[PDB]
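Novice: please work out how this folds:
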Amino acid sequence: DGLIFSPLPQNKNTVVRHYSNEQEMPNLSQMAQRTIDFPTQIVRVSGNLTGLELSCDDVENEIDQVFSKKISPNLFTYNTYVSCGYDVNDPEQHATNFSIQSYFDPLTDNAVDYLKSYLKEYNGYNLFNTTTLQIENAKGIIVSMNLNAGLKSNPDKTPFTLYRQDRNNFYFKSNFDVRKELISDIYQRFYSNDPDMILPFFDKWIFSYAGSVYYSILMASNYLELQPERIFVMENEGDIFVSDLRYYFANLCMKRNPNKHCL
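Specialist: Residues are numbered from 1 along each chain as shown. Dropping the coordinates below:
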């Protein structure tokens, strides 16, 4: 229970690397040291490497030198997937293709200064003379958040009795603002059996009188989930980005509360 990452799509003959600190609770003290809006940075880059005679270790090294190692978990929240396909039948098993999927946010004014300088030097960097490292500004994010409430009889397994499902939708300027407002509130109030914490959390995020509807449902339930789907809105009309890098909040009331229910 808590923040669970969704399984990686694991292709046939492909090295896959996942780097994230999105699992770490938002640090409101740190984030208060950012005094301006800055867009979430997006990387959705891919390239054919057939014929360049690169190994997967060469591809991973170049991406680490120009991207991964420049984005520190002390200055940024990031979620990054790096993949490198190789030719199983080639006597050298040379890399045939690669991709970088990332979103990341500077957490402070000093991180924003460091970022502006990283972008000036590295935005547009020639990767393997095949494609460029394009770091894009998301215009904003729409969170389409699902709530599940129900009764699970075995906490080690996936199946449960679903009692109620709700969706609500919010626009934020960045993933930074998602973490500062919604994610911090999940940690503070969604994981509470104090009715004056969780019922008002529901009034704010689910629907304005969800607190009244859910009192009886929470008393009958032992298991909640929140799935905040992050839909990044890009600058061009009709361009959305959703990272394969997904997380959800599981709340095992059965184990957290003395009475083994959500209320």
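Novice: mind listing what's buried in the helix or strand hosting residue 141?
Specialist: Assessed by DSSP states H and E, residue 141 sits inside strand 140-151. For strand 140-151, burial by neighbour count (16 or more other CB atoms under 10 Å) applies to 140, 141, 143, 145, 147, 148, 149, 150, 151. C-betas here are computed from N, CA, C, even on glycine.
Novice: okay, which residue of the chain is out on the far edge from center?
Specialist: Distance from the centre of the chain peaks at residue 91, with 37.8 Å (CA atoms, centre = their mean).
Novice: rewinding a little: now the buried residues of strand 140-151 as a markdown table including distance to residue 86?
Specialist: Shown next, in a markdown table, are those (distance: CB to CB, whole Å):
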| residue | distance to residue 86 |
| --- | --- |
| 140 | 37 |
| 141 | 34 |
| 143 | 37 |
| 145 | 38 |
| 147 | 42 |
| 148 | 39 |
| 149 | 45 |
| 150 | 43 |
| 151 | 46 |
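Novice: widest-spaced pair of those residues?
Specialist: 140 and 151 (36.9 Å; CB to CB).
Novice: what's near enough to touch residue 222?
Specialist: Residue 222 makes contact with 150, 151, 152, 252, 253, 254, 260, 261, 262 under the criterion CB atoms under 8 Å, 6 or more residues apart in numbering.
Novice: for the residues you listed, which entry has the maximal number of neighbours?
Specialist: residue 262 (25 neighbours; other CB atoms under 10 Å).
Novice: and the helix or strand containing residue 121, C-alpha only, in CSV?
Specialist: Using DSSP H and E, residue 121 sits in helix 109-122. The C-alpha trace of helix 109-122 is given here as CSV (Å, rounded to 0.1, in the frame of the first residue of the first chain):
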residue,chain,number,x,y,z
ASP,A,109,14.5,29.1,-7.6
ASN,A,110,18.2,27.8,-7.6
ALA,A,111,17.0,24.6,-9.5
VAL,A,112,15.2,27.0,-12.1
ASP,A,113,18.5,28.9,-12.5
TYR,A,114,20.5,25.6,-13.0
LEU,A,115,17.8,24.4,-15.5
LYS,A,116,17.8,27.6,-17.7
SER,A,117,21.6,27.0,-18.0
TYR,A,118,21.3,23.2,-18.7
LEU,A,119,18.7,24.0,-21.5
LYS,A,120,20.9,26.7,-23.1
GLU,A,121,23.8,24.2,-23.5
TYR,A,122,21.9,20.8,-24.0
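Novice: what's it packed up against?
Specialist: Under the contact criterion of 3 or more CB pairs under 8 Å, 6 or more residues apart in numbering; DSSP states H and E, helix 109-122 touches strand 95-106.
Novice: ok now the strand it packs on, how far from the chain's centre?
Specialist: How far strand 95-106 lies from its chain's middle: 14 Å, per CA atoms, centre = their mean, to the nearest Å.
Novice: quick check: angle from it to strand 140-151?
Specialist: If you take axes from the mean of the first three to the mean of the last three CA atoms, to 10 degrees, strand 95-106 sits at 90 degrees to strand 140-151.
Novice: pairing partners for strand 95-106, with directions?
Specialist: Paired strands of strand 95-106, with direction, are strand 41-48 (antiparallel), strand 76-86 (antiparallel) (DSSP bridges).
Novice: would you mark the buried spots in the shortest one?
Specialist: Buried residues in strand 41-48, counted by 16+ other CB under 10 Å: 41, 42, 43, 44, 45, 47.
Novice: repeat for stretch 239-251
Specialist: Of the residues in stretch 239-251, 241, 243, 245, 247, 248, 249, 251 count as buried by neighbour count, 16+ other CB under 10 Å.
Novice: hmm, residue 79 and the third one touching each other?
Specialist: Translated: residue 245. Yes - the pair residue 245 / residue 79 is scored as a contact, 4.5 Å apart, by CB atoms under 8 Å.
Novice: many thanks, I have nothing further to ask.
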